[PDB]
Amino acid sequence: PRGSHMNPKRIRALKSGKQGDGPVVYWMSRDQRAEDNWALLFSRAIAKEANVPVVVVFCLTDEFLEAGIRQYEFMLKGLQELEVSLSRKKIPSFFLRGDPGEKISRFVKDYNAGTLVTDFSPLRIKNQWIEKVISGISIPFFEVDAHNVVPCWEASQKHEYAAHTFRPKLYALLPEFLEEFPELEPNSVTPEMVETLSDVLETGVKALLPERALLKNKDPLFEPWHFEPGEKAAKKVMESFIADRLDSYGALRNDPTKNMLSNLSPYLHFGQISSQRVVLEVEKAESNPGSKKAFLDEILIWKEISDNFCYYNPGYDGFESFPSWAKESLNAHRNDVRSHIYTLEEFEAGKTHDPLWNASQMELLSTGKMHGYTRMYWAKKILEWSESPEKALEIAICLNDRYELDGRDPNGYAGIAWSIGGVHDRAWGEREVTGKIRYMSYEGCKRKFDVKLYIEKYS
């Protein structure tokens, strides 16, 4: 590759081969943005060294049927804006429909690709697709970490027990890896599905319409105006956070009645904005130092340790990935009698006895983003009022992935594992049902914020 502000350690070879005659193809998956994208940039750099065009390919899977119209519209509306952004950079974008394992392979043959580059996800499905693609192509294949500031395989070579073991290794490498971004260079070389993306959205929304979330009077639950989608909207949210919410963040990040969070998770999850970008802007901002340490810890340690978790523990969304002490503790309490037991359907409709739990579910149903403090309480009550730890993990993941705009994310699996299974936490006083897993109480919540205001806001 060979260039300024392009550390070679951000890229690694999935497969070696003979470089092809054709264009460099960036298989975009996790990081759906033109700016501050190390994978797009590396793909562009390979293109310059080889005197070839860079092109972006994206696969429209049947995974959308798993979630709702809320996330399909957010992603697809974002992708319509992205096609236009990429087009201004003279970068063509190709949208394939179907299975990435077969469709990426066929595209490389059909479009005569020279080099394949993709971004990094520690999720099982991306790795499965990469394995399939490797078996179907002759060309060199590179992986670039565009999501984490320090590349996941570089920060640590093993599972990290706690944030404290991770913090020294990540912080030692931050001076090297926390750096500004080069501008994306438009295409120099002339670049050689048929449906419109609007058509795809229309066909997909008709397929999802029967199962769309409705209130009892037939009126839809989802309010689409809370987070407008796309790269342009993402940046406006980051700007208002620094301007309006970062000063109060150290004091108020755990009060759900206050709108004092970044609101960046839906854009971060789809890769509509870079975490490295957000950290650069926050570092430079003159703000309360307590707020800066609190927020940088969240977007650097906690977000990037969630990738460490999924990358070194392939069963990240199961019981086995919990630490020994936690699995041992939860196992001993499997027979304990739950105070309540709710089904997925009762949980989903917000019909528990706990008005605070119900309000947290209604914030999830109506806005698509539950406040970060109540997500801890929400997941820990699923554990407390479920038949088993496995049923709890299953119900929390089902509701999180169906209804959160930021769901189906390593942060989600690491966050749920912390809450239910103690991952990256320590043991606490033993209790019935939840054992030594950290406990959170309705009364504890009453002490810390105006619980009644939150409940009133969400019926």
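Note that the rigid core is defined as the largest set of C-alphas that superpose within 1.5 Å between two forms. Start at 1 with the first residue shown and count on from there.
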With the rigid core as the fit anchor, does 154-162 or 195-203 show bigger C-alpha shifts in 9 other deposited structures of this protein?
195-203
Core-fitted comparison in 9 other deposited structures of this protein, 211-219 vs 304-312, farther C-alphas
211-219
Chain break class for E192 to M193, judged by how many deposited residues have no coordinates
4 to 9
Between 90-98 and 297-305, the record assigns the higher mean Cα B factor to 90-98
Do the CA atoms of 63-71 or those of 48-56 have the higher mean B-factor in the entry?
48-56
Of the residues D119, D354, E384, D199, the one whose Cα carries the largest B-factor in the deposited record is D199
Choose from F241, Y111, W225, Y316 the residue with the greatest Cα B-factor as stated in the PDB record.
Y111
Could you place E211 in the lowest, middle or highest third of its chain by Cα temperature factor, using the values in the record?
highest
In terms of its chain's C-alpha B-factors, the third that includes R438 is the lowest
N254: which third of its chain by C-alpha temperature factor?
lowest
Quick tally, chain-level thirds of C-alpha B-factors: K218 sits in the highest
Ranking the modelled residues of this chain by C-alpha B-factor as given in the entry, is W378 in the lowest, middle or highest third?
lowest
